[PDB]
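For the sequence shown, the authors' numbering begins at 1 and goes up steadily by one. C-beta: ideal position from N, C-alpha, C; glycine also. Please read the structure below before turning to the comments.
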Amino acid sequence: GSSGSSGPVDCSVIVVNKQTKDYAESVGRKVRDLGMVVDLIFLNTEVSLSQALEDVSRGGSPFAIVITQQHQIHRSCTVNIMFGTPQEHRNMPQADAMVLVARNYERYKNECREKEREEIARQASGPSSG
Numbered sequence: 001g002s003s004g005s006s007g008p009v010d011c012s013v014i015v016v017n018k019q020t021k022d023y024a025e026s027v028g029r030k031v032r033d034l035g036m037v038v039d040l041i042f043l044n045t046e047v048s049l050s051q052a053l054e055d056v057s058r059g060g061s062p063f064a065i066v067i068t069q070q071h072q073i074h075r076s077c078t079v080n081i082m083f084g085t086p087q088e089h090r091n092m093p094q095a096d097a098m099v100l101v102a103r104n105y106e107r108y109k110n111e112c113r114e115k116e117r118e119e120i121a122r123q124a125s126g127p128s129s130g
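Structural data, given as structure tokens:
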């Protein structure tokens, strides 16, 4: 390796609010219980959601979870896929999300792996270096 910053998050959790630090800390770990890389994005009065969504895609994050005060009450997040057809799941129960994520993920991987190292046989410094 070299250092290891973080990389692409299978399912990144978007939490603009702070109060939802624990609640979000779950939905995120929940996706991890499936064996999917998840992270927590805190935007404590900083930037906006999109700003994160933009980094989500560009970052690689195929799935992005939306968290917020309300979402806390209803206890539901918004799973927005970044890869493949534009599928926007609005209002979804954790259990479901976990299934929609655990399910999609399975497939996504099938398309992710593809094969033992793509045809490309040369790295010569890749993306994300800093």
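Alpha-carbon spacing of residue i relative to residue j, whole angstroms
| i | j | result |
| --- | --- | --- |
| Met92 | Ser6 | 27 Å |
| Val15 | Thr85 | 24 Å |
| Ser129 | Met98 | 32 Å |
| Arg107 | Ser3 | 30 Å |
| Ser57 | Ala124 | 23 Å |
| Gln94 | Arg113 | 26 Å |
| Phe63 | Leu40 | 13 Å |
| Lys115 | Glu88 | 28 Å |
Nearest to residue i (by Cα), restricted to the options the options
| i | options | result |
| --- | --- | --- |
| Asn17 | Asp39, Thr45, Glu25, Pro8 | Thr45 |
| residue 151 | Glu116, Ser125, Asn80, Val47 | Since the first and last residues shown for the chain are 1 and 130, residue 151 lies out of range. |
| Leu100 | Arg122, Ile65, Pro127, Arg117 | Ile65 |
| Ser76 | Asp39, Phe83, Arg90 | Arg90 |
| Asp22 | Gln72, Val37, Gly60 | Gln72 |
| residue 132 | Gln87, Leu49, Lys109 | The chain is shown from 1 up to 130; residue 132 falls before or after that span and cannot be answered. |
| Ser61 | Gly28, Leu49, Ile67, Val9 | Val9 |
Nearest-angstrom beta carbon gap, residue j and residue i [assumed within contact, 8 Å]
| i | j | result |
| --- | --- | --- |
| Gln19 | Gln70 | About 11 Å; that fails the 8 Å criterion. |
Chain B within 8 Å of residue i, Cβ atoms only
| i | result |
| --- | --- |
| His74 | Of the protein chains in this structure there is only one, and it is not chain B. |
Three-way DSSP call (helix, strand, coil) for residue i in this model
| i | result |
| --- | --- |
| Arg117 | coil |
| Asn44 | coil |
Cβ-heavy atom distance, residue i to the ligand GTP, below 7 Å
| i | result |
| --- | --- |
| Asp55 | Of the ligands one can find in the structure shown there are none, so the ligand GTP has no counterpart to examine. |
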